[PDB]
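Step one of this worksheet: look at the structure below.
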Amino acid sequence: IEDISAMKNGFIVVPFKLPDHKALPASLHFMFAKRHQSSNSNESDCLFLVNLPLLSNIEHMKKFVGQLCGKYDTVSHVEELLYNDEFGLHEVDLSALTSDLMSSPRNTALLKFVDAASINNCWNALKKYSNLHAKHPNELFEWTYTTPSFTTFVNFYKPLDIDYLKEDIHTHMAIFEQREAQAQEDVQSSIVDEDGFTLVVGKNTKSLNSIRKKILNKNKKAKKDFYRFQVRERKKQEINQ
Amino acid sequence: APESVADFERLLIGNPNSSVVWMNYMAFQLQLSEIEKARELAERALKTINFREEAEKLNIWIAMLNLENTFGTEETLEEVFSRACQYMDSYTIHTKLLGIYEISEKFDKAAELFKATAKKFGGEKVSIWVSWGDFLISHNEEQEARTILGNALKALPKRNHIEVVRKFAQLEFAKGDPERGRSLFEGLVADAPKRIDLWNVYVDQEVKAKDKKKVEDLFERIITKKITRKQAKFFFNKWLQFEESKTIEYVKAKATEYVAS
Amino acid sequence: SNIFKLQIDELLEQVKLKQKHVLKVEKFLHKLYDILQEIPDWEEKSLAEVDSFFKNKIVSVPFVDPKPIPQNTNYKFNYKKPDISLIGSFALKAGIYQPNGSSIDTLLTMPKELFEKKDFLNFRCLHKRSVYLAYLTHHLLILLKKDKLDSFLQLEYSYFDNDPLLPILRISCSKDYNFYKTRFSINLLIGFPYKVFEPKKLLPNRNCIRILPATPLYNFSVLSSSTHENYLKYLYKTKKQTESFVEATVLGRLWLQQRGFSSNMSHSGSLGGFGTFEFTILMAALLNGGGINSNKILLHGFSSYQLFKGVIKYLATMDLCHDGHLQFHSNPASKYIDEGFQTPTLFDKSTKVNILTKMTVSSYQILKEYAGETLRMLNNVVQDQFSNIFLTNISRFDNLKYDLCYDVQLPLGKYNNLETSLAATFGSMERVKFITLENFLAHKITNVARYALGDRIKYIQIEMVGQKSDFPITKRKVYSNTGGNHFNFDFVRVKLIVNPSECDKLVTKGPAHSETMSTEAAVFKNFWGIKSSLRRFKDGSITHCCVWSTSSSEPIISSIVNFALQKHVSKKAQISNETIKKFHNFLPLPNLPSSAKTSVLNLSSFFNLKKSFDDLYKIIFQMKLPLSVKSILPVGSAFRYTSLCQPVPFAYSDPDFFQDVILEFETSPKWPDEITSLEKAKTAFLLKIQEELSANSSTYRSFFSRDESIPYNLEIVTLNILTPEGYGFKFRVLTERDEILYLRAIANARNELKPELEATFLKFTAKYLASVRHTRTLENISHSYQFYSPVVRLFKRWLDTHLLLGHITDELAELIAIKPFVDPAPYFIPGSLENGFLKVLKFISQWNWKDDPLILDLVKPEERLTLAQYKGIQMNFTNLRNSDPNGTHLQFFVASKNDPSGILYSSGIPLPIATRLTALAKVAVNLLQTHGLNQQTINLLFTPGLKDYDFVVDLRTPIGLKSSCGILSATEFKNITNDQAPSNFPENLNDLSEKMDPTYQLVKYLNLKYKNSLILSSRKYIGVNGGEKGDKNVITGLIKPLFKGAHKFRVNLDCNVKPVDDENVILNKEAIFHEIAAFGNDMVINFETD
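Residue numbers (the entry's author numbering), protein chains in the order written: chain RF, 3 to 27, 32 to 110, 120 to 234, 251 to 272; chain RD, 1457 to 1701, 1706 to 1721; chain RE, 100 to 274, 282 to 317, 326 to 445, 453 to 983, 1010 to 1237.
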């Protein structure tokens, strides 16, 4: 049974082809689809898609949605694969977790468009794609399994090119020391409040975030004698004992 | 069926991420009434749950506070309430706390936490206020939950000041007073006519409050404005198939007359 | 000082309730000695006619050797009703419910009227004893057959403690009057009269047999036939004195049966001879003194625990064999006399007997060692090891309590065929001091093994297997074809435990050269024949010695024992030892000059890369940075003697070819702040160091490689260098800042994101910080535990053939293999590779997780871990796994001095992998105790155990890589692998991806992609496990128990999806296995589902 092709919560079953293994004669990689929203600049007119192909990157999604565009007259404005986490190495950001700035869903690649009419045209096209794959398994709409997976994951013993990472960390240090000296100068230049309140600061401290986090992390001589109520309590002591 | 302790831990080993299994293991000790042993097993569970599943960590914290509300006492309830607000989202801990406090029937903490939490997360939302208003109308504090409009308008910014009178008019048409609810709705229809949702849902709430003479006046009094074809089909079908569900001859006449003018 | 006596009372409740099986059988032996009471006399009738009288009967007479021919048997062949006594085991209350069977002691000493003053010569009184036995068993068999209780009994002629001089009458019961649900073998024994002759014949310097080589064995045997009644008088009077004896001796017999020391005999070639009443005798002898001034060793003021401790202290600090032995007389102080009789000795002057002459010199030697070893592990106040000292029977396996084994098969043919089938002695003077053929070959073979090895082994034990003390009623003797002879042994166990520092030393040294060739050089040249000669040395000494051509597969201990066997005791017998060579080609043999002739205890490859590393060290210190080097420290597996290739130059194909070296600069407070910026500054320093390296010394070459063995840091590279001596080093910069950066990242992270960043910091600590003291400590200790690098290398190849290295880490495998070394109790340290490896697998099959931590201190023999740190380690273990209920995600607990947390290396491994390891260990020890060691046994121990658990892929890269990894493939020619050996560096360094394998890290990537659906494994030592061509690799996968069937579709299922219903989904297993092969499209060849 393949005619079951759409789930309860708007999920659009998207099957594709698989290539030829030398011993395998089938070939059902399954994806989901939605159309979700939020007013921020990374979730408006967007789509989930679940159960990703390995190294789903920008270029074969480019060619696949171009194939659908030239196939069944859908319009599409693709730009980038938003929040592509397939391996699981970019959840917690250590650099933002302990930095001054450059601060701030499992196998669900998100993808948004420019035109909501374009993403609705691809939505209707994809629902018809799901049911045409359900009807026939041989006149498929297709993302063929094109492989830049090889181009990024059979060559990983490569020496990273020396001049490239030279200029890369050259630019990284050249912006890091700039924003660092800017932050420290902003710290110990002069801080008056809205009213008159000069802020106490260290001799060689570096960040308002630093003094903020240390003020977050920083969240006797009585006498048993000498008073006449204490001679009252000690006469009570010296008559009870 | 789960009977023995090795069976339970076998369920939790072979199933790490189903709150059905997790609250089965919790509800076993809840039903055996060894609930302090369930408290230490809960301290096992909150730190042995996988941390990716936001809904399931909501499940295990909701279940722990369900334990502390069903049998505990307020000095540990505030403790696990503070720990829940530290670990996970304070606002959803507040909403589940308010629902569960009125389920366990403790007004002596429920009204005070309604006040404090509608103060807290009510300057960026509306539901923490309108749950309080609906609760006060349900427990017979009609004018007290009508006086909440000034509190809502000074708590929120300008952006959903339509939405506060929207929602308090919703609950006033639910079980408050219909004509006083229309006295709330007049600020909606005086502020914004060009929002086409408010008119339709206001006459639908007029239908669900069912004062039929003013239904037969309100539908007949909308139509003199600039009505576009989708809005015309909406209001037209919500009157005509409702009359399907003295006037039907005149609105059959208006099914054709207002095609012209 | 508290709970060991609670353990003692646990042993008491384990051993007790003997009444249900002493009362009924004391009633049954009461009926039995009533039957012996109504057995009447049988007067003097001649020997030559009782031959015919017993001829056609079923009772053919047993005999001591040889059969008494009537030319001199003019003895009084009487029979009288003897004296009954119910003594010994069931009268002094030392009965363990063993499923093998406790013994019994019923005494029938001979009456006064059937001997003479000079009856004690030429063992015809023992011939009298044998025919006495023959009539008693004939009379008893017809009486019990007319009393019709033969349906469950069976009588048998045995030997009293494996001695042919003393046969006994043992009764074994089988299935109202039957006794078969527990202990067997109720035996009766006759003895000699109490006091007969003045003690000159009783002295161990007697021989009255014909032409004086004395007979101390025989005048001890007849004296032990007679005078073991004063000793139980002594036992009973100390029993009436005080009470701790019964529990002290059930403890003693318990420990001695765990050590395999029963009181039969070690003169006959078996481990034993020492036993429980000997233990009683030395306890009660040390009662009234023990010192040289008879200072009281043992008071009954302290109970059995300190009685036992004082006993083991006296036996360990008071020699008996060669210098000093105990003296005591039962009729009465006890002292310590000064010399030794070259045999286990203690003198009892009221008997003139030598009670410890039932076992031999090597058996006493190994028992004094066991005294010292259990004393060492008993006197310590650190931990509690009562189950380590008692409750593990070490006697179960041969190669576990011993170190290696030889089996001499001697096909001598016949007793007459001796003179051309074996080169040993054949003399009156040897048959007068040795009972039989196995006895003289045993004493000769232990003396020639002792003289052949000397300072080459710790201890030798000889044990003839196929021996049995069992011969039937109808038969006169053990009439048994014992595989090429008719003597009571099949073949000779030669079990060796070795001083491991002189195994593969290829020259043993006799005395030097005087002109007058004295007797020591004489016996050296006689014992060594044509082979040994006198040589010069670099010192210039002229000394007697012999060359031992060391091979890899063969330890030279087997060659020297092969010559010491085939030169002296036989000339055509053969030696069986195939286990050592059977795994030594399972070791990988590197492409080194004369590497077959190199030993396995040679470390010249590791020293070669250490020399290359040191010249690199000098050329990286003699240059200038903007921030100087504080220290570099190699941390590599080769730098701690662990890597599976024994590291040959240019050997790229091993994935751990690149060793890793941490390097740290001085504490400059100028550093970048955030973590990506600081690791990029470390890359900047590595850019500068390789820039000056290629500037000045271009004979080294280098490149950069990203590392992702720490999670969530995207910008951490390592500097890899290729050294023209032919090696490759990773360099990772450490700073003083990364530790506090990770700690404050931990501090300011979101509270539901804490333990993952804690896991990141734990991986950092394991990779950078504690790894240095790890490799320092065990590299320092490997030169004291010399078999460590071979046992870890064979363990790691075993673990990769059984496919676990994709989850477990190599330091954890290293810690599991150091565990039997730094704590080898109750055993020895392993002087051989097999003994090490099966000690590892025996331990980890024993080992649990729920109530079992693993504390070890990597210290030198004889800085340790004291009581406080021990309790802290156990306490954080305790709260750790009461927080963790059963080991849901934390399985092992390996805690050292260098990591009291213990969770550093055990983290990350899945529960199926850990349970698979423990199950494989239990399967291996099951196979060991069932099938025995064999070539197919070892091949089954290195079978893949592929199990067809859901997933098999077969992978072959387009080239073979064993000539490139440098392990030679046992070829007939070395130029065949030399012209394919990669003795050149590749110029464009990108080609190492196709000169190496991608399988381990691609299985890593796929495992972290499918972390909650299926766990994958790949053979990461490619043709080390993949046959001979060097190409075969597998990919396997175990599916989770969650995904047994279709599950309700969600967004957090996060798996490979197939809606088979509108609500239920399952894997597209063919599509994802196809996508695995699609990623490995050039790597994959074959695939099998299920």
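For each residue, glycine too, the CB sits at the ideal point set by N, CA and C.
In terms of residues, what are the limits of the beta strand (DSSP E) holding residue i?
| i | result |
| --- | --- |
| residue 323 of chain RE | There are no atomic positions for residue 323 of chain RE here, as chain RE continues from 317 directly to 326. |
| residue 267 of chain RE | 266-272 |
| residue 1571 of chain RD | First-last for residue 1571 of chain RD: 1563-1576, but that is the alpha helix (DSSP H), not the beta strand (DSSP E). |
| residue 114 of chain RE | No beta strand (DSSP E) holds residue 114 of chain RE; the alpha helix (DSSP H) holding it covers 103-114. |
Counting along the chain, where does the alpha helix (DSSP H) carrying residue i start and finish?
| i | result |
| --- | --- |
| residue 469 of chain RE | Element bounds for residue 469 of chain RE: not the alpha helix (DSSP H) but the beta strand (DSSP E), 467-469. |
| residue 1184 of chain RE | Element bounds for residue 1184 of chain RE: not the alpha helix (DSSP H) but the beta strand (DSSP E), 1180-1186. |
| residue 165 of chain RE | Careful: residue 165 of chain RE lies outside any alpha helix (DSSP H) and carries neither H nor E. |
Determine the chain RF residues that contact residue i at a beta-carbon separation under 9 angstroms, and present them in chain order.
| i | result |
| --- | --- |
| residue 844 of chain RE | Going along chain RF, no residue has its Cβ under 9 angstroms from residue 844 of chain RE, so there is no contact; the nearest lies around 17 angstroms. |
| residue 584 of chain RE | Result: empty, since nearest Cβ-Cβ is about 55 angstroms, beyond 9 angstroms. |
Under the three-state reduction of DSSP, which class applies to residue i: helix, strand or coil?
| i | result |
| --- | --- |
| residue 1589 of chain RD | helix |
| residue 665 of chain RE | strand |
| residue 191 of chain RF | helix |
| residue 441 of chain RE | strand |
| residue 404 of chain RE | strand |
| residue 838 of chain RE | strand |
| residue 1581 of chain RD | coil |
| residue 75 of chain RF | helix |
| residue 37 of chain RF | strand |
| residue 1612 of chain RD | coil |
| residue 1504 of chain RD | helix |
| residue 1653 of chain RD | helix |
So residue i and residue j are supposed to be a Cβ contact under 8 angstroms. How far apart are they, rounded?
| i | j | result |
| --- | --- | --- |
| residue 483 of chain RE | residue 372 of chain RE | Not a contact, Cβ separation roughly 19 angstroms. |
| residue 261 of chain RE | residue 212 of chain RE | Incorrect: roughly 31 angstroms between the Cβ atoms, too far for contact. |
| residue 36 of chain RF | residue 1204 of chain RE | 5 angstroms |
| residue 1481 of chain RD | residue 1468 of chain RD | 6 angstroms |
| residue 448 of chain RE | residue 746 of chain RE | Because residue 448 of chain RE lies between 445 and 453, and chain RE jumps straight from the first to the second, it has no atoms in this structure. |
Determine the chain RF residues that contact residue i at a beta-carbon separation under 7 angstroms, and present them in chain order.
| i | result |
| --- | --- |
| residue 1224 of chain RE | 23 |
Along chain RE, which residues have their Cβ under 8 angstroms away from the Cβ of residue i?
| i | result |
| --- | --- |
| residue 1542 of chain RD | 872 |
| residue 121 of chain RF | 1199, 1201 |
| residue 174 of chain RF | 824, 825, 826, 1136, 1137 |
At 8 angstroms on the CB atoms, spell out the chain RD contacts of residue i, in chain order.
| i | result |
| --- | --- |
| residue 877 of chain RE | 1507 |
| residue 1033 of chain RE | 1465, 1469 |
| residue 1059 of chain RE | Chain RD residues near residue 1059 of chain RE: none, gap ~11 angstroms exceeds 8 angstroms. |
Using the beta-carbon of each residue, which ones in chain RF are nearer than 8 angstroms to residue i?
| i | result |
| --- | --- |
| residue 804 of chain RE | 180, 184 |
Give the residues of chain RE in contact with residue i, contact being defined as C-beta atoms less than 7 angstroms apart.
| i | result |
| --- | --- |
| residue 101 of chain RF | 795, 796, 797 |
Residues of chain RD with CB closer than 7 angstroms to the CB of residue i, please, in chain order.
| i | result |
| --- | --- |
| residue 1025 of chain RE | Those do not exist, as residue 1025 of chain RE stays about 15 angstroms from chain RD at its closest Cβ, beyond 7 angstroms. |
Any chance the segment 248-267 of chain RE sits against the segment 218-236 of chain RE, with 3 or more Cβ pairs inside 8 angstroms?
-> yes
Does the segment 711-731 of chain RE touch the segment 570-579 of chain RE, meaning 3 or more C-beta pairs lie closer than 8 angstroms?
-> no
The segment 193-205 of chain RF / the segment 55-67 of chain RF touching (three or more Cβ pairs under 8 angstroms) | no
Using 8 angstroms as the threshold, is the segment 1543-1550 of chain RD in touch with the segment 1516-1524 of chain RD, meaning 3 or more CB pairs across them?
-> yes
Take every Cβ of the segment 328-342 of chain RE, pair it with every Cβ of the segment 300-312 of chain RE, and state whether three or more of those distances are shorter than 8 angstroms.
-> yes
Does the segment 483-493 of chain RE come within contact of the segment 423-436 of chain RE, defined as at least 3 CB pairs closer than 8 angstroms?
-> yes
So, do the segment 390-408 of chain RE and the segment 453-465 of chain RE have three or more beta carbon pairs nearer to each other than 8 angstroms?
-> Contact check between the segment 390-408 of chain RE and the segment 453-465 of chain RE: three or more CB pairs, one atom from each, fall below 8 angstroms, which counts as touching.
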